[PDB]
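K.L.:
So the protein sequences, as listed, match chains 2, 2', 1, 1' and 3. A prime marks a further copy of an entry chain. Residue numbers for the first sequence, in the authors' numbering: 81 to 330. Residue numbers for the second sequence, in the authors' numbering: 81 to 330. Residue numbers for the third sequence, in the authors' numbering: 56 to 286. Residue numbers for the fourth sequence, in the authors' numbering: 118 to 234. Residue numbers for the fifth sequence, in the authors' numbering: 10 to 238. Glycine included, every Cβ here is placed at the ideal spot set by N, Cα and C. Below is one structure. I have some questions about it.
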Amino acid sequence: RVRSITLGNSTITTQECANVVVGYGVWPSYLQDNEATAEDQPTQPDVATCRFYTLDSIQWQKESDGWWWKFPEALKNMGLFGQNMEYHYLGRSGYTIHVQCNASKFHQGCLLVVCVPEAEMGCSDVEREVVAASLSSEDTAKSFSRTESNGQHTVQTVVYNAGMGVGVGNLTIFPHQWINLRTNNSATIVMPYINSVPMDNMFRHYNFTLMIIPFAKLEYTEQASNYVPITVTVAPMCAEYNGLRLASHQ
Amino acid sequence: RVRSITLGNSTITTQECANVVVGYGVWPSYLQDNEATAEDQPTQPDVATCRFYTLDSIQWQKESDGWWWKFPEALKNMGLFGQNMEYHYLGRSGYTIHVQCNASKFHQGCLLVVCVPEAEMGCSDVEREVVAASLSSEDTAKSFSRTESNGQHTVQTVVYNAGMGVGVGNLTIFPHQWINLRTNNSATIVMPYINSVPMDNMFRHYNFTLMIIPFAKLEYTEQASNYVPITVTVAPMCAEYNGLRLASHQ
Amino acid sequence: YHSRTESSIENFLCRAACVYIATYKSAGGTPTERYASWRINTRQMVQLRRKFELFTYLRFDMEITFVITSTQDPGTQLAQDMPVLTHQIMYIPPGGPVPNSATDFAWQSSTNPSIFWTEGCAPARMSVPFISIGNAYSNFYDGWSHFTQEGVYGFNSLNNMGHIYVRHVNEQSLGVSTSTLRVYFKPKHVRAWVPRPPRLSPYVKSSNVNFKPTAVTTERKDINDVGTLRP
Amino acid sequence: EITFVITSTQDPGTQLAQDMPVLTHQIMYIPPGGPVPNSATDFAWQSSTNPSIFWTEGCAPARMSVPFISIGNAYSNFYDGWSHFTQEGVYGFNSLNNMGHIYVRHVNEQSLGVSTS
Amino acid sequence: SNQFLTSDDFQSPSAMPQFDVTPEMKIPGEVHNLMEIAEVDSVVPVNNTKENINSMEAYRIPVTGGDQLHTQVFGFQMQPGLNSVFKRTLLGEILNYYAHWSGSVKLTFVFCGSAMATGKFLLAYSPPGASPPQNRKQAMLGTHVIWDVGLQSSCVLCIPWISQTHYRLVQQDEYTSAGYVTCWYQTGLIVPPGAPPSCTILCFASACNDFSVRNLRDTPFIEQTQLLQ
């Protein structure tokens, strides 16, 4: 009931037996023959890239609004998977995002953990455009805001419109999980590869966005540690590439 | 293990799997042929009266002494069962009193939930008699007292004599349950119809009394909510009547 | 038990809709109002844009219909008896020669499919298949056009359907005839994937997803405020 | 089964059209509870919801067929009753016996001359 | 005839015959019916009180802790599509695209408090031709469930479909002909020393399997009319 998961000869994650969300209903898989257009063979690096990339922990405070990571840029420096994003041209990968919190029984709160395919985001200034430096950092989260952002080339990071101009309660349409600290502790979503082409270049394109939004805010009394660490762990699935060359950049 | 109970097309109560007390050992049932004296047929209203009548919640504070409801006057205004007490002459019904509390694990206390058949009560002044307005309210509880009551036509509401002139620890003789907040949370007693006649007029006669007495008083520290809500839910069983007429009164 | 055929994807996204009304004259002056032009995009019309933006990936054929009504311009030098007006509607396939002005060789290019239609009968109709290098169109594109994260944020994508250009075929010297084109676009055999939430904020421009922060719903008096209580 | 017989004419007075191309007419059926035109050139005319017929003069008349459109299971010629709840309202006029409207206009943009149909 | 019905399915000659379409590949998440988008739960803005609608406070139903024991938690008129509580959720955004609707609504209330908290709520439902309950005693004699939040964290409450006719108009307001779902304090909210006294409920509404729509039209929400630029 405290079963350990070992993925590759480097990683150990301890986890109890809970519920998973599998994509839009499909497991990630390898490309078959009547699915691709490229003129070569994939040569998937199964022997080295399937492991757990535990990112840094964020602190769910009382006054926090939400965080998002864009993928696959979220593993740009994470080990050999970041090297394959350099020394290739096309790529195709599913992921198994596992999100878990360490709260006591005297904490309360609720999170919504969404995976949004093609989460294109609007800018904080109309009649203007975003830059790539405001969409995502390479490994750290990007914070939503309670109030209105007002920059020139930034993102409209207000929390109830989710950066996309929609209702934040309707993000339940995409693959999601609720971390309710009363009963739930963890959340694990298995995203497949969703695109309109069989393989895309994973520098320009953002395949999906992992959003973690607190709907019921965190409350605690005065004895308690005044944050709950949220730890995200991403494991790539069935990664395969094409176009061996040098790194650009660098 | 969190099984829901639906009784009629109006009621939902959520409850875990716990212990019940069944009467004096019998389940409530319908009247057979060699049990009645009336000159007609019962015509039981099974299709409309079997549902859950959740009364208002009382607040178990630190300095509370006990509460009692007299039955069947406790459902005098509760819906269609109160209408059948108006537009009939005789009646006969069992009940399934379900009592439950919402306390934390940092609260402590103990309740005794008794169903006392024919709990005739003495007056606070000797050489005097009670009134009907001091025996019971129509839907709200009547409080026991720590000290001595001293009115003219009231009830001797001292708590250790239980209003009947007995020892309060000996009320365990009647159908009962202990709500001990350390281990137990709920209590459910299934009372049959007990009388010396097969059917009585349910305006003058009080069939039984449901008493809830705290034996170990409620304690809590300063963080805690300074009460525990006790919610009583009464569901009538196998109700059958005789003597269709107008309402008196009114 | 009722039927759910009214809310299938074919019955929800296949209705004809007037998406473009333009006008074009038939005599000289500036070389711009002598023809009409419409780049085929489902973003200029908000009503149809919101229905298409309930989905991430779409795949459909097109069914375009042209309602051309002409009139006689006022002023002096009127035509009296004028024969009949014939109109050329040209579909420039994506990456095809595009007319700078009327009477340009682009009009006589064999590559660009064209319809010659005479006034007084049933309107002109054409059907265009799914024309993309990709395997679907994308309503959203979280990415960039060029390589090193440079370019416009999702506008040079392979979601190009082409253009439609309309002009008079006649050589009319005396009198001017002003025609008005109505384009009734309709998707056929729609296949849609990855349902998205319906948009809350109003649109600002048909190249972006830019928005202003709007409320999630409409206000109420209290949390326990049912309304009116007629009885 | 509704059929429309549209005959036009040329109005007298000055500024006559001489050669006028052809007259096209839009007949719109507003389904019950559908957008209804306040005047000509209103968005209601270009609404996709209201079925419409574009008909050119000189050929067979325009025809359309409308099915049984009611929440109820029949139309009622008589209604011994009221529209609202507590016996208030008009004595049988807001009943579910609504078949819709029919609106007809010229599609042309005719500047010189008037054509009365 | 020789007319053009805009609502008329006809084949046309292909402008580009002799062109081979890109072979369609397996993309996950295919939609075949709009009702599959409506049968997902969406968070219901119950607290829309004019200073919460521009924040996240219009999703959280406040359950304060202390001594009330007879007051109300919330309450709304149960009609999706026209009520402000429901017209912007996923179910009520699809209902605004159609003129008729028919089926059940499934509500789910999740108690977002600490595991040490305990209480009881009375979740009453009133029928369409019936008045909203005014106190907890009136709501008890109607159709109610008792949600003991120490035992369960969610209370699924499905609402029946009652109407005289087959479908029902979405954009009309038949007052006192829809139903009310109110909630009343039964006991309070009992917490140990160390647990926070006040808490939060979230509501989730969706459709059911018997749901259907008819008579498609334009959504009332989009007012823009002229083309973009």
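In angstroms with no decimal places, state the Cα-to-Cα distance between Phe-161 (chain 2') and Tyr-133 (chain 2').
P.N.:
The alpha-carbon atoms of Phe-161 (chain 2') and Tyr-133 (chain 2') are separated by roughly 10 Å.
K.L.:
Using the C-alpha atoms, what's the distance from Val-222 (chain 3) back to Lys-241 (chain 1)?
P.N.:
Answer to the nearest angstrom: the Cα atoms are 22 Å apart.
K.L.:
Taking contact to mean at least 3 C-beta pairs separated by less than 8 Å, is the region 74-93 of chain 1 in contact with the region 210-230 of chain 1?
P.N.:
With the cut-off at 8 Å, the region 74-93 of chain 1 and the region 210-230 of chain 1 touch.
K.L.:
If you draw a straight line from the alpha carbon of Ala-177 (chain 1') to that of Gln-143 (chain 1'), how long is it in whole angstroms?
P.N.:
Distance between the alpha carbons of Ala-177 (chain 1') and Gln-143 (chain 1'): 15 Å.
K.L.:
Is the region 98-113 of chain 2' close to the region 156-167 of chain 3, with three or more CB pairs under 8 Å?
P.N.:
Counting Cβ pairs under 8 Å, fewer than three are found: no touch.
K.L.:
Could you work out which residue in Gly-146 (chain 2), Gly-105 (chain 2), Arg-81 (chain 2), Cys-318 (chain 2) is closest to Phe-254 (chain 2) when comparing CA atoms only?
P.N.:
With distances taken between Cα atoms, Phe-254 (chain 2) lies closest to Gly-105 (chain 2).
K.L.:
Out of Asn-214 (chain 1), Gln-102 (chain 1), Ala-71 (chain 1), point me to the one whose CA is closest to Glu-232 (chain 3)'s CA.
P.N.:
Nearest option by C-alpha distance: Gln-102 (chain 1).
K.L.:
Output needed for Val-179 (chain 2'): all residues of its chain with C-beta closer than 6 Å, excluding positions within five of it in sequence on either side, in chain order.
P.N.:
If we look at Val-179 (chain 2') and ignore the five residues flanking it on each side, its Cβ neighbours are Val-193, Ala-267, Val-312.
K.L.:
Between the Cα of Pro-148 (chain 1') and the Cα atoms of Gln-235 (chain 3), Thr-234 (chain 3), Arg-226 (chain 3), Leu-236 (chain 3), which residue gives the shortest distance?
P.N.:
Here the closest residue by C-alpha is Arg-226 (chain 3).
K.L.:
Leaving aside the five residues before and after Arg-131 (chain 2') along the sequence, list all residues of the same chain whose C-beta is less than 6 Å from its C-beta, in chain order.
P.N.:
Closer than 6 Å at Cβ, skipping near neighbours: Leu-87, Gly-88, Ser-90, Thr-91.
K.L.:
When the Cβ atoms of the region 281-294 of chain 2' are set against those of the region 156-173 of chain 2', are three or more pairs found closer than 8 Å?
P.N.:
Yes, they touch.
K.L.:
Give the range of the alpha helix (DSSP H) segment to which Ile-103 (chain 3) is assigned.
P.N.:
Where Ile-103 (chain 3) is concerned, the enclosing alpha helix (DSSP H) stretches over 99-103.
K.L.:
Regarding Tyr-184 (chain 3) and the ligand HEM, is the C-beta to nearest heavy atom distance less than 7 Å?
P.N.:
The ligand HEM is not part of this structure, which contains no ligands at all.
K.L.:
List, in chain order, every chain 1 residue whose beta-carbon is nearer than 7 Å to that of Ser-276 (chain 2).
P.N.:
Under the 7 Å cutoff, chain 1 gives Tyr-112, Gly-189, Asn-190, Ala-191, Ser-193.
K.L.:
What are the residues of the region 154-167 of chain 3 that lie near chain 2', defined by any Cβ-Cβ distance shorter than 8 Å?
P.N.:
So the list reads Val-154, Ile-155, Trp-156, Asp-157, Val-158, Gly-159, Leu-160, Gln-161, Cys-164, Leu-166, given in the order they occur along the chain.
K.L.:
Taking the straight line between their C-alpha atoms, what separation do you get for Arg-114 (chain 1) and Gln-180 (chain 3)?
P.N.:
Distance between the alpha carbons of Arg-114 (chain 1) and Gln-180 (chain 3) is about 32 Å.
K.L.:
What is the residue span of the beta strand (DSSP E) that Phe-107 (chain 1) lies within?
P.N.:
Not the beta strand (DSSP E): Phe-107 (chain 1) falls in the alpha helix (DSSP H), residues 101-107.
K.L.:
Alpha carbon to alpha carbon, how far is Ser-225 (chain 2) from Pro-152 (chain 2)? Give it in angstroms, no decimals.
P.N.:
The alpha-carbon atoms of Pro-152 (chain 2) and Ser-225 (chain 2) are separated by roughly 24 Å.
K.L.:
What residues from chain 2 crowd round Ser-123 (chain 3), counting only those whose CB sits closer than 7 Å?
P.N.:
Chain 2 residues near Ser-123 (chain 3): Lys-185, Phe-186, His-187, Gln-188, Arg-262.
K.L.:
Checking the sheet assignment: what are the DSSP bridge partners for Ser-23 (chain 3)?
P.N.:
Answer is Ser-182 (chain 1).
K.L.:
What is the DSSP secondary structure of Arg-222 (chain 1), reduced to helix, strand or coil?
P.N.:
In this structure, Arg-222 (chain 1) counts as strand in the three-state DSSP scheme.
K.L.:
Contact check, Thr-98 (chain 3) vs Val-55 (chain 3) under 8 Å by CB: the rounded distance?
P.N.:
Going by Cβ atoms, the distance from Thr-98 (chain 3) to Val-55 (chain 3) rounds to 11 Å, so no, they are not a contact pair.
K.L.:
In terms of residues, what are the limits of the beta strand (DSSP E) holding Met-291 (chain 2)?
P.N.:
Its beta strand (DSSP E) spans residues 288-299.
K.L.:
Is there a C-beta anywhere in chain 1 that falls below 8 Å from the one on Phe-224 (chain 2)?
P.N.:
Cβ-Cβ to chain 1 under 8 Å: no for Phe-224 (chain 2).
K.L.:
Does the distance from the CB of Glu-302 (chain 2) to the CB of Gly-189 (chain 2) come in under 8 Å?
P.N.:
No; because the gap between Cβ atoms is not below 8 Å, this pair is not in contact.
K.L.:
Given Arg-172 (chain 2'), which residues of its chain have a CB within under 6 Å of its CB, disregarding the five upstream and five downstream residues?
P.N.:
Excluding sequence neighbours, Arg-172 (chain 2') sits near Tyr-273, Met-279, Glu-320.
K.L.:
At 7 Å on the CB atoms, spell out the chain 3 contacts of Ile-170 (chain 1'), in chain order.
P.N.:
Result: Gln-12, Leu-14.
K.L.:
Any idea if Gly-146 (chain 2) is buried or exposed, counting beta-carbon neighbours within 10 angstroms, 16 or more meaning buried?
P.N.:
Counting Cβ neighbours within 10 Å, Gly-146 (chain 2) comes out buried, since at least 16 surround it.
K.L.:
Mark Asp-29 (chain 3) as exposed unless 16 or more other C-beta atoms lie within 10 angstroms of its C-beta, in which case mark it buried.
P.N.:
So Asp-29 (chain 3) ends up on the exposed side.
K.L.:
Quick check on the DSSP output: the beta strand (DSSP E) that includes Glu-320 (chain 2') runs from which residue to which?
P.N.:
Its beta strand (DSSP E) spans residues 316-322.
K.L.:
Can you pull the chain 1 residues whose beta carbon is under 7 Å from the beta carbon of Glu-200 (chain 2), in chain order?
P.N.:
Those within 7 Å of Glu-200 (chain 2) in chain 1 are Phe-195, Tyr-196, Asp-197, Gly-209, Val-264.
K.L.:
So, for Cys-203 (chain 2): in the same chain, excluding its five sequence neighbours on each side, which residues have a beta-carbon less than 8 Å away from its beta-carbon?
P.N.:
The answer, listed in chain order, is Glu-209, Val-210, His-233, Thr-234, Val-235, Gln-236.
K.L.:
Taking a Cβ distance cut-off of 8 Å, strictly less, list which residues of the region 240-252 of chain 2 are near chain 1, in chain order.
P.N.:
Within the region 240-252 of chain 2, the residues whose Cβ lies closer than 8 Å to some Cβ of chain 1 are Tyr-240, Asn-241, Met-244, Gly-245, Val-246, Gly-247, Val-248, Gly-249, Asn-250, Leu-251, listed in chain order.
K.L.:
What whole-angstrom Cβ distance do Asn-265 (chain 1) and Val-259 (chain 1) have, given they're in contact under 8 Å?
P.N.:
At roughly 5 Å, the Cβ-Cβ gap stays under 8 Å, so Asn-265 (chain 1) and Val-259 (chain 1) are in contact.
K.L.:
So, at 7 Å on beta carbons, what are the nonlocal neighbours of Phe-295 (chain 2) in its own chain, with the 5 sequence-adjacent residues on each side left out?
P.N.:
Answer for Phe-295 (chain 2): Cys-190, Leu-192, listed in chain order.
K.L.:
For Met-244 (chain 2'), which three-state DSSP category applies?
P.N.:
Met-244 (chain 2'): coil per DSSP, three-state reduction.
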